[PDB]
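# Chains, contacts and geometry: an overview
Next come the chains, spelled out residue by residue.
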Amino acid sequence: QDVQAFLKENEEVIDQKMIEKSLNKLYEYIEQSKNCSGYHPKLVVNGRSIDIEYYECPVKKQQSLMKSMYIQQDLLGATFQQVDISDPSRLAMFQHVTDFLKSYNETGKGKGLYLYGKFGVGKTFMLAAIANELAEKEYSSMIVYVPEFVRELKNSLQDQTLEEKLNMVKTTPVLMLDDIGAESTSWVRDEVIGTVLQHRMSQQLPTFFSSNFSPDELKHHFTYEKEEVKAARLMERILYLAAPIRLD
Amino acid sequence: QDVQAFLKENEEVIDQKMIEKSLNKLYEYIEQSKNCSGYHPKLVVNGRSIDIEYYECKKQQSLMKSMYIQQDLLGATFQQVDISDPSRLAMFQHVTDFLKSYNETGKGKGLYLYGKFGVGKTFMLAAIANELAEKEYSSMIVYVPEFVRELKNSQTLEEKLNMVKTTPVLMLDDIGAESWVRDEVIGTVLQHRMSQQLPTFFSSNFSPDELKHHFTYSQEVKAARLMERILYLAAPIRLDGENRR
Amino acid sequence: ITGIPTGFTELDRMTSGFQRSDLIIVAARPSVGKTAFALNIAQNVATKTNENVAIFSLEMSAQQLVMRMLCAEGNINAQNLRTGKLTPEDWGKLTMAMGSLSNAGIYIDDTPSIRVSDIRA
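Residues numbered from 1 in each chain as written, not as in the entry; some residues may be left out. Chains lettered and ligands numbered in written order. Part of a larger assembly, values for the part shown. Heavy atoms only, no water.

### Things to note about the overall build of chain A
- Across its full length, chain A holds 5 helices and 4 strands.
- In summary, chain A has a C-alpha radius of gyration of 19 Å against a globular reference of 18 Å for 248 residues, a match within 12%.
- Principal axes of the C-alpha set define a box for chain A whose edges measure 50 × 45 × 35 Å.
- Accessible surface, chain A: about 15600 Å² in total, of which carbon and sulfur atoms supply 49%.
- Mean positive and mean negative side-chain charge positions of chain A (29 and 36 charges, respectively) differ by 3 Å. (Helix = DSSP H or I, 4+ residues; strand = E, 2+ residues; numbered from the N terminus. Rg over C-alpha atoms; globule rule 2.2 N^0.38 Å. Areas by Shrake-Rupley, 256 points an atom, 1.4 Å probe, with all protein chains shown as cover. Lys, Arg positive; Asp, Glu negative; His and termini not counted. Charge placed at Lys NZ, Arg CZ, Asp CG, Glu CD.)

In structure tokens:
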């Protein structure tokens, strides 16, 4: 009922066929729960690929703490009593929130989580849930938006410009990284947002890590011998700051 | 002159004949550039032969290094630290008393910094990092969790298990963190120097009765080949004092 | 050395050179070290120690060994080469592995199992 509308809206742009190529996507789309009403997902055409951007809900004392860059403040507001649990493993999370603030101090160490799904499975309400309570106190879990962050963190690592806004992805007691896999020079893997993984298990910090998809399969994604038994160990460099749980 | 320095550095390990066997090495060592205009040559004892490894280039930092940690919070020293209780009443007694008994090869026994976080495991070795600093020796602060993640999974390989073993002062952080597969990295370090001898360094969060719930099982009598080399190079010591996080 | 540079200080002292009037020979176990053996003696006695070498390849021809040697006077071959393309900062010391074997005289025979006739011609 939405796809039809979008299709004809951009049918001048959206080359044809593909259905069979994106079969997996469209089938996974219908198979899942999907749906939604601080933001909403909308499709956008970026070059030759179609992405999913969040626009603030038109329906629009923690946000002096909960200020995240490269995403807006209309769409950061979800709690834990705002709870109508319908799908499974959204239930298997009632000891990874209340007990994910009682011992996540400053250099507490261990294993958080690895959120995933497709492109909008109430992720911005669980990365907005679990965290709030940490910052409801003087504890830690920074919000950050990677697909928007990096867009100039290739060409802003310069003359103090963003140089000085970009050492705090390494030193805040905790910090999250969002829907990477969106786009991507390969230096940022080990210079901008791969510099989040070595300086956080060397002094060790209880950091959150999210994504469009999962670490166990984010190990073979980018091959547009090398990164196969070599693309797995960044999902390993990921695997130790957190303990993975389902999002069915 | 370089040979003299190396000889007394590893005297406990090196033998007179070893010197004459590795003569070519030690002579080539002194003959080449001792300084640099990116590395410097240092002697290391490898089995029965002495080799020449390159380490990367008041004086307190250049003659100090660290493996797999950040140099932000390591600004620590001896003496001046506000001493708390029996947590540090007997901690600055075996790192200042022996600033000249880190004997090159003449058994200069070590320490084992365990216990609990934010107080003592790695900053008491950051203490030496700016104290054993003025005299001109290197002192590499190796970190464990950060090592075996490129060494649990597999550029070259059999290279950095030797300039971790051919320099006079060292400092290891967190033993038991994250038969087995953690094999050719840390396990061998303990067996070697019963026939070489210097000042040994390891540290963790787990004491000598707690180091072993994490170095992983085998089901055996096949794991205590390196643990009668701690019980004869220090004492069962921990640290419970002041948070610095 | 007495003596033209053999390649190593380990190999020049003992051989005293090099000298004029010498038929050398080298043999290894099953691919256990006889090829690159010479592929780095006379090459470093062709790009480091003076001698315009007429080289002559056999089972492994020359339009193959250059994929197996451009990585000696420029620090390469572990990133990897037999996997494909390289990065724009790894495009580095190749242009000096492309300036230390190019301004020089290395003259090879690509021809495999031919007798001494064509060669001594």
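We are not done yet, so read on.
### Some remarks on the UniProt feature "active site" in chain C
- According to UniProt, the "active site" feature falls on C:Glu59.
- Among the structural elements, C:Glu59 can be located in the loop between α2 (35–38) and α3 (62–65). (UniProt positions renumbered as here; feature names shortened; annotations may be inferred.)

### Considering the interface of chain B and chain A
- Each partner contributes to the interface: chain B provides 15 residues, whereas chain A provides 14 residues.
- Counting each side, the surface lost to burial between chain B and chain A is near 1400 Å², with a carbon and sulfur contribution of 41%.
- For chain B, the biggest contributors to the area lost against chain A are B:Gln70, B:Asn153 and B:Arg245; these three give 40% of the whole.
- Ionic pairing is found between A:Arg237 and B:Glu150, a salt bridge with its closest N-O pair at 3.9 Å.
- Across the contact surface, chain B and chain A share 6 residue pairs in polar contact.
- Considering only residue class, the side of chain B that touches chain A consists of 6 nonpolar, 2 polar and 7 charged. (Contact = heavy atoms within 4.5 Å. Buried area = accessible area lost by both parts, 1.4 Å probe. Salt bridge = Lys/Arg side-chain N within 4 Å of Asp/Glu carboxyl O. Polar contact = N/O pair within 3.5 Å; in protein donor to acceptor, adjacent residues only side chain to side chain. Nonpolar A, V, L, I, M, F, W, Y, C, P; charged D, E, K, R; others polar.)

### Structural notes on the environment of B:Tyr232
- With respect to the secondary-structure elements, B:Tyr232 resides in the segment after β7 (201–203).
- Along the backbone, B:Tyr232 and B:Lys222 are 10 residues apart, and their C-alpha atoms lie at a distance of 20 Å.

### Examining the interface of chain C and chain A
- The interface of chain C with chain A comprises 7 residues on the first partner and 4 residues on the second.
- Taken together, the two surfaces of chain C and chain A that pack against each other cover about 450 Å², and 51% of this comes from carbon and sulfur.
- Among the residues chain C hides against chain A, the three largest losses belong to C:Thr83, C:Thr87 and C:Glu89. Together they make up 65% of the total.
- At the boundary of chain C with chain A, the tally comes to 0 salt bridges.
- Along the contact surface separating chain C from chain A lie 1 residue pair in polar contact.
- Looking at the side of chain C that touches chain A residue by residue, the classes come out as no nonpolar, 4 polar and 3 charged.

### Topic: the side chain of A:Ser140
- The residue A:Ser140 is located in the loop between α3 (130–136) and α4 (146–153) in this model.
- In contact with A:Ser140, not counting residues within four places along its chain, are A:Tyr104, A:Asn105, A:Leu134, A:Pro173, A:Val174 and A:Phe208.

### Quick notes on a nonpolar patch on the surface
Residues and elements named next belong to chain A.
- A contiguous nonpolar patch, built from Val 13, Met 18, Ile 19, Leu 26, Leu 43, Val 45 and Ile 50 and spanning about 570 Å² of accessible area, is present on the exposed surface.
- If you trace the backbone, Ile 50 turns up in strand β2 (residues 49–56).
- Residue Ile 50 is classed as partly exposed on the basis of its relative accessible area of 40%. (Patch = residues over 30% accessible without salt bridge, like charges linked within 9 Å, V, L, I, M, F, W, Y side chains within 5 Å. Buried < 20%, exposed > 50% of the residue type's maximum accessible area, 1.4 Å probe, protein only.)

### Brief notes about the pairing of strand β1 (residues 39–46) of chain A
- Of the strand pairs in this sheet, β1(A) and β2(A) are connected by 8 bridges, and their pairing is antiparallel. Residue pairing across strands places A:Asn46 opposite A:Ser49, the latter belonging to β2(A). (Pairing = 2+ DSSP bridges.)

### Observations regarding the environment of A:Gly38
Residue and element names in this part refer to chain A.
- Within the secondary structure, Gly 38 sits in the loop between α2 (23–31) and β1.
- By relative accessible area, which is 17% here, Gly 38 ends up buried.
- Sequence separation between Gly 38 and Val 59 is 21 residues; the distance between their C-alpha atoms is 8.9 Å.
- In this structure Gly 38 touches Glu 56, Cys 57, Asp 74, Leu 75, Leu 76 and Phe 125, once residues within four positions along its chain are discounted.

### Observations regarding the environment of A:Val3
Residue and element names in this part refer to chain A.
- On the secondary structure map, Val 3 appears in helix α1 (residues 3–9).
- Owing to a relative accessible area of 38%, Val 3 belongs among the partly exposed residues under this scheme.
- Linking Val 3 and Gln 32, residues 29 residues apart in sequence, is a C-alpha distance of 15 Å.

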